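Just the one chain here, the form deposited in one PDB entry, laid out as structure tokens.
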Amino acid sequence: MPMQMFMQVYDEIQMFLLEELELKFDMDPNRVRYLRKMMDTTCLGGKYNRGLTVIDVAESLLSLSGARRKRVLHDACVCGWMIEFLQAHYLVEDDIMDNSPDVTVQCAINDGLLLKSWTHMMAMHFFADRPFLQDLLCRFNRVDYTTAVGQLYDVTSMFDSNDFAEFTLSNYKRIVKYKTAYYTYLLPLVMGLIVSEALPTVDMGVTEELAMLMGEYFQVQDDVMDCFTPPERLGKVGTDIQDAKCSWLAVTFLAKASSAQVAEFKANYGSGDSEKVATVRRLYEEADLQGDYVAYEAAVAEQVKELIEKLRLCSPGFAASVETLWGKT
């Protein structure tokens, strides 16, 4: 029912956007079918955890505060696809960075602009008569701005914006917070509370604190899998060492490494050579970072498993969905 309804609204959203282009933007059929294929390619195929989270929050709040149920459930599906389209927009922007008049790059940039604008068009249409339309766009635009700021922190974590000084645990948390946590964990929860009209009925401080901790828990495991999980099992090629990313493994190693090991780390980090990357993996393994990885995640999980209770003392139905979201993480 949740996944099935989420896909039916996708067809409804896609049909409106494409017909709007045909009826109001003078678009020819060839380009409409071209944009249908691009939308399906970029927006479909993932796990839809961000979009389904908006649905799961909405169904938990209508059970504990007829005609309003079906409306809120439909509004949550549109908000779910706003985040999915936003995620597709971020992924397209990432492809342009590593892929390199070249018409394929021109279309890639155009795709990224259309996916972002489509979040506005589908919101301005299906929420035209909603009282929360203005507040929804402001929180959506602010979180999107937050993500772009977090991408600046992540991209420039190894240089001086006109370098391992910013390779600290507090700065790692800043990167995870702005680049990932706000739009992946906090935004689906907020949009689920907005369509359920129960936004001022929750402790936002505890909610934000959980979103950052869940994103932190997810990112620490992600950095670890990027380094040791093989490509055919991870689904991609791990490249954090070659890209000199400010990963959890790097900032944790630098805190417990000897003075001579840091020299060996700095001399091998950020290189595409197969053995310098293997040297970094060897340093991570010998420093017993795997033992700290289990302890760090357990402590974060303890903070998560205990922070949901503060949220249920004032909003019980909200906490049920955060546990399901944490169960996915």
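Start at 1 with the first residue shown and count on from there. Rigid core here is just the name for the largest C-alpha set that superposes within 1.5 Å across the two forms.
Annotation: residue 290 does not belong to the positions left without coordinates in a third of the other compared entries; each one with flanking residues models it. For residue 303, the record comparison shows coordinates present in all the other entries of this protein that model its neighbours, with no third of them leaving it out.
In this entry, residue 30 and residue 31 are joined directly, with no residue of the deposited sequence lacking coordinates between them.
Counting the deposited residues that fall between residue 100 and residue 101 and carry no coordinates gives a value of 10 or more.
Look at the mean CA B-factor for 175-183 and for 222-230 in the entry; the higher one is 222-230. Stretches compared: 112-120, 137-145. Higher mean C-alpha B-factor in the entry: 137-145.
Comparing the C-alpha B-factors of 203, 84, 166, 216 in the entry, the top value falls on 203. The residue among 9, 17, 23, 311 whose C-alpha carries the highest B-factor in the deposited model is 311.
Per the PDB record, residue ranking by Cα B-factor puts residue 107 in the lowest third of the chain. Ranked by C-alpha B-factor against the other modelled residues of its chain, residue 276 falls in the middle third. Among the modelled residues of its chain, residue 282 has a C-alpha B-factor that falls in the middle third, as given in the PDB entry. Per-chain ranking of the deposited C-alpha B factor places residue 156 in the middle third. Split the chain's modelled residues into thirds by C-alpha temperature factor. Residue 238 is in the middle one.
Just so it is clear, the following notes concern the form solved in complex with a small molecule, a form of the same protein that is not shown.
Figure note: of the listed segments 219-227, 68-76, 253-261, 126-134, the one touching the small molecule in the deposited complex, with heavy atoms no more than 4.5 Å away, is 219-227. In the deposited complex, none of the heavy atoms of residue 166 sits within 4.5 Å of a heavy atom of the small molecule. Interface residue remark: residue 246 is counted as part of the site for the small molecule in the deposited complex, having a heavy atom within 4.5 Å. Contact annotation: residue 118 falls outside 4.5 Å of the small molecule in the deposited complex, judged by heavy atom distances.
Shown alone here, residue 197 lies farther than 4.5 Å from the small molecule in the deposited complex, counting heavy atoms only. Three-residue candidate spot 172, 176 and 237; every residue lies within 4.5 angstroms of the small molecule in the deposited complex by at least one non-hydrogen atom. With the two forms fitted on their core, the C-alpha shifts between the shown form and the other one stay under 2 Å for all of 204, 91, 234, 152 except 234.
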